[PDB]
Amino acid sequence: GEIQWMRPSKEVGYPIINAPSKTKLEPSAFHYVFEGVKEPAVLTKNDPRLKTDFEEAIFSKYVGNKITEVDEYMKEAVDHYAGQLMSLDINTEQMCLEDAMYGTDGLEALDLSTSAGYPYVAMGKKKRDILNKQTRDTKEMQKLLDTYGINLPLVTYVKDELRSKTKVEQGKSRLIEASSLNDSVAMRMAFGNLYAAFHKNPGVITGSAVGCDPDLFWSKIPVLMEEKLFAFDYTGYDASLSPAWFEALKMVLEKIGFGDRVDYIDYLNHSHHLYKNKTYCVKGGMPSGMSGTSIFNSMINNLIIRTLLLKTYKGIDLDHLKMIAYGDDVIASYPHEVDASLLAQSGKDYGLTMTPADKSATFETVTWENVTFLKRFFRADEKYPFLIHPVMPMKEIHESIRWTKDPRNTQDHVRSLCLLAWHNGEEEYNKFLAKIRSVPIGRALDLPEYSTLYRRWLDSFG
């Protein structure tokens, strides 16, 4: 993805966007108990911690496009993936305005406590001034649809969140692109039946993990993979996507009965963004905050492995490839081992910079012992081998607890951590419970015991 141009807003006719410069993360009563290195990431340009220039570094993700045409491999992959997607047999209908607004079977409601996007943000209007979950009133929305129409500029926000050290002084913060209420609704009316069918079909069929619940679905996964495994990591997936991939996506969309709306995709590689007092244009790159960015990023990953397979292993049957993607994250298998190192090579020739799985330094064979999905390991239960635990290493469960946004929520924060932590096992779980109860409000919490989480975990298959 390339920035095509960028200039002061006041002379493109777009308003100056004012954004907060103070983080909402204060240290917690557990800050000095556990250990960890992550500070809140950089928000403004004057941050005392900075090594480099701010603005220069956060837009650095926009690599520059690489391809423009869909080649014979991409074209091939398209038919296979689309071919595969066909068995799903998924409703091609437009979704009605009421649904796409207020939720329906497979799709939640719009998020009524987040920005409404341009123009509303600057006109002083929140989603709740337009939406009402009780009345379920379209109309006033339909108005603002007819006024402002669609294809509006995104509002670019710095993401308020904890981040490693090397990435703070290096100013490698993350950017949010707030979709306009108007486009979210439009997008959902066009694709909110596609959305629902990926949501209810996570697996090697869709090649997507959206909708799945790792507590349960971790057991279905070994079953679905083939013999030898392969996997990698990406350096800035969303921003490295060249427009040609949007074309391969649209072909797949065309193939399965979405012909009409497939020009909506164009609104994604070509797009306009508002950032404080400037305005800019970007060609390529999937923007953060659109509707469906989760699902589209997955589909394109499914296409990236099929292409890079065909390319690098000349003569290969794609029907024996089982994968699941969650955006750029992915778990992947094959009958015979494949060399992720080769793909990474024959792959920068597509704009994608690939690396080894789990911040490794060398493409090592992928085993059920060192593989991760959604930052969790796989470990079979001692007493019941067929039931797999998703295991998140305590390292960054630690990092999350040393910090809060509102101490009034400490009970809920920590109890969520416990539901993640216990899969490490009774020892480390109680070990953890011990360091929590060693400050006054630690002792006061209401925390479950290993036995209670283990019982319930098992019951949840019954």
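Counting begins at 1, following the sequence as shown.
According to the PDB record, 50 to 58 carries the higher mean C-alpha B-factor of the two stretches 391 to 399 and 50 to 58. Relative to its counterpart among 373 to 381 and 335 to 343, 335 to 343 has the higher mean temperature factor, C-alpha atoms as listed in the PDB entry. Ranking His31, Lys45, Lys435, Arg415 by the C-alpha B-factor listed in the PDB entry places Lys45 at the top.
In this structure the maximum Cα B-factor among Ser208, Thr355, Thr293, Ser180 is found at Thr355. Compared with the other modelled residues of the chain, the Cα B-factor recorded for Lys228 ranks in the highest third.
In the deposited entry, the Cα temperature factor of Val439 sits in the bottom third of values across the chain's modelled residues.
In this PDB entry, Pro8 carries a Cα temperature factor that places it within the highest third of its chain's modelled residues. Among all modelled residues in its chain, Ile16 ranks in the highest third by Cα B-factor. Sorting the modelled residues of the chain by their CA temperature factor places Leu420 in the lowest third.
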